[PDB]
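Peer 1: One structure coming up, written as C-alpha cells, with questions to follow.
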Amino acid sequence: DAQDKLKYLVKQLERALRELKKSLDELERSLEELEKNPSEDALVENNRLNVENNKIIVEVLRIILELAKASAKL
Amino acid sequence: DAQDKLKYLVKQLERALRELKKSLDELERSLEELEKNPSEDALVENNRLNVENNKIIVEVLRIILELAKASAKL
Amino acid sequence: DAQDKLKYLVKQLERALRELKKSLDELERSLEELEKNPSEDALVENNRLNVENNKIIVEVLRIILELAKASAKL
Ligand SMILES: N[C@]12C[C@H]3C[C@H](C[C@H](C3)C1)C2
Ligand code: NA
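Residue numbers (the entry's author numbering), protein chains in the order written: chain A, 1 to 74; chain A', 1 to 74; chain A'', 1 to 74. A prime marks a further copy of an entry chain.
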C-alpha cells in the first residue's frame, strides 16, 4: 500500500500548492496597492493576506510530513 | 544507518511542526486583535509574529533538506 | 536516471535555501529597525520583505514537490 499512498499524497501536495500559488498572487497584488497608496487599511489587509499565506504553508508542510512518514516505512 | 537516521529526522520534523503550529495560533490571535483595534502598536506586533513564524518555517525546511539528503543515499 | 536527478534536485534545494536564509536575515534586520523607529514607511518596507520571503518559500516548496515526484517513481 505504501507506494500507492505516496502517489496519492503527491497529488494532495500538488493541489495544495495550487492553492498556495493563488494566495501568493493575491498577496503580491495587495503589496502593490499598499506601495501605491499606503494607509492603515491597506496595511491591515496586506497583513491579513500574509497571515493567510503562512497558514496555507503550514498545511503544505503537514502534507510533506505525511510524505516523509510514508517514505520512512519503505 | 540510513533508515534509522530517517526515522529520527522524521521525529525532529514532527517536533518542529508542533512549534510552528503554536506560533501560527499566536499569529492569528494577533491578527484578530489588529482587525478589532488597529493601531501602529498592533501592527508592529503582528509583523513581529509574522517574522517569527517565517523564521520557524525556514527551520522546518532545513530539516526537510536533511531528510532529502538522507533519502538520496538509498 | 531517477537517483541522479534526485541528487541534482537536492543541490537545487540547497541553493534555494541559501537564498531564503539571506532573505530571512534581511527581513529580521527590517523588523529591528521597525521596532526601533516605527513609521508607516518602515512598516511598508517590512511587509515588502515579508512578502518576498514568502515568495521564496513557495519556490522552495515547488522544488520539494519535484523531489516528491522523483521519489514516487522508485
Ligand atoms: N523522500 C522525501 C521527498 C520529499 C523531500 C523529503 C521529505 C518528503 C518529501 C519525502 C524526502
Ligand atoms: Na506584515
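Beta carbons are placed, not taken as given, at the ideal position from N, Cα and C, and that holds for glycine.
1. I'd like to confirm something about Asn-53 (chain A'): is its beta-carbon nearer than 7 Å to some heavy atom of ligand 2, or not?
2. Taking CB distances under 8 Å as the criterion, tell me whether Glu-14 (chain A'') reaches chain A'.
3. What residues of chain A' sit near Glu-40 (chain A), judged by a beta carbon separation below 9 Å?
4. Would the beta-carbon of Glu-14 (chain A) fall within 8 Å of that of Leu-65 (chain A'')?
5. Let me see if you follow: with CB-CB separation under 8 Å, is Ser-23 (chain A') close to chain A'' or not?
6. Using only the alpha-carbon positions, how far apart do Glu-40 (chain A') and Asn-47 (chain A'') sit?
7. Tell me whether residue 100 (chain A) counts as near ligand 2, meaning its Cβ is closer than 7 Å to at least one heavy atom of that ligand.
8. Among residues of its own chain, excluding the 5 on either side of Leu-34 (chain A'), which ones have a beta-carbon nearer than 6 Å to its beta-carbon?
9. Per DSSP, what kind of secondary structure is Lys-55 (chain A) in: helix, strand or coil?
10. Taking 6 Å as the limit between beta carbons, can you name the residues of its chain near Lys-73 (chain A''), skipping five residues before and five after?
11. Are any of the Cβ atoms in chain A' nearer than 8 Å to that of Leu-9 (chain A)?
12. Using the Cβ count rule (16 or more neighbours within 10 Å means buried), how would you classify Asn-37 (chain A'')?
13. Output the distance between the C-alpha atoms of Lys-11 (chain A'') and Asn-50 (chain A), rounded to the nearest integer angstrom.
14. Once DSSP output is grouped into helix, strand and coil, what is the label at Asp-1 (chain A'')?
15. Under 8 Å, CB to CB, which of the residues in the stretch 43-68 of chain A'' have a partner in chain A'?
16. Find the nearest neighbour of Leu-31 (chain A') within the set A:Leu-24, A:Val-44 and A:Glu-32, judged by alpha-carbon distance.
17. Give me the chain A' residues within the contact set of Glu-35 (chain A''), using Cβ-Cβ distance strictly less than 8 Å, ordered along the chain.
Peer 2: On the basis of the supplied data:
1. no
2. yes
3. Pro-38, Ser-39, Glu-40 and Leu-43
4. yes
5. no
6. 14 Å
7. No answer is possible for residue 100 (chain A): the residues shown for chain A start at 1 and end at 74.
8. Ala-42 and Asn-46
9. helix
10. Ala-2
11. no
12. exposed
13. 29 Å
14. coil
15. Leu-43, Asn-46, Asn-47, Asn-50, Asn-53, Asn-54, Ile-57, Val-60, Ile-64 and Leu-67
16. A:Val-44
17. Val-44 and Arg-48
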